[PDB]
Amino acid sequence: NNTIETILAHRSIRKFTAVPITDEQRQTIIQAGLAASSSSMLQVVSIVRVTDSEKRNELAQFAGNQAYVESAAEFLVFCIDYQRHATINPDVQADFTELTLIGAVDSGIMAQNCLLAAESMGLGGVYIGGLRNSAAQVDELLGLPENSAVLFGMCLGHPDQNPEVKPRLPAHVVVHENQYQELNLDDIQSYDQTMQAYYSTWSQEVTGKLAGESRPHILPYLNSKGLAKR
C-alpha cells in the first residue's frame, strides 16, 4: 500500500526550494500529528511554529548553523508541555522523570505522524535535534514557561535534492526473540562495509562520539524548567 511505500521511501531532505506549503497542507500535517496516540490521553506535546524570519535565523544558529532551518518552508519546534496542566490545576507535580519520558516518547510519536503526512504529499523534511545544544537560549527565544522544555525541531518543504536511502542495521540485530541476545560483532563489520559503500567506519564514528561527553548541560536545563528532578 501507499502508507508502507511512503514509510520505506524516507530519507532526510536538507535542501529546499522557495515554494511555500499551502494552508491546507499545513493544517493537514498538524491534524495528522494530533491523531497520534497519547499516554493516558495527557496530551503533553506543544508545537511552536516559527514564521518570524529573524527568529528563524537565530534558530538556525542555535541549531549549529544548519542553514536548512532558515530555508525550510516551515519549521516546527516540539516541546514537552505540562504548563497546560499546571494552569488548570496548580497542584500538578510535573517534576517526576516519568513525565519527561512521556513527553519525549509522545513527541517522537506525534512528530513522526507530521513527517509522514508531509512526505506522503511529496514534501521533504528532517528532524533537528541540534537545538538541544543551545537549549536554554532556544527556550528563552520561544518564551517557554515553567514545566515546559524544548526537545527538537523539524524542517518541512519542497525537496531540492534527491539523496539515496540510507541502510539500517539488519532486523536480526535490532529484534530479539523473548530475551536479549548477545551482539555478534560480525554483523557490525558487515554493516560497516555496507555503510562504506554508501559513502572512518560507522561503528568507529558513533562509538567515538559516545566516548566523550554528551551535552552535559541537558539535565541542569530540564531541572531549571522544573522537569526530571526525581
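Numbering starts at 1 and runs along the sequence shown.
- In this entry, no coordinate-free residues of the deposited sequence separate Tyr180 from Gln181.
- For the segment pair 147-155 and 89-97, the entry gives 89-97 the higher mean B-factor, averaged over Cα atoms.
- Higher mean CA B-factor, judged across 172-180 and 31-39 from the recorded values: 172-180.
- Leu76: CA B factor lies in the lowest third for its chain, per the PDB record.
- Ranked by Cα temperature factor within the chain, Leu185 sits in the highest third according to the deposited record.
- In this PDB entry, the Cα temperature factor of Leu115 sits in the bottom third of its chain's modelled residues, the lowest group.
- In this PDB entry, the Cα temperature factor of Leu142 sits in the middle third of its chain's modelled residues.
- For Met195, the recorded CA temperature factor ranks within the highest third of the chain's modelled residues.
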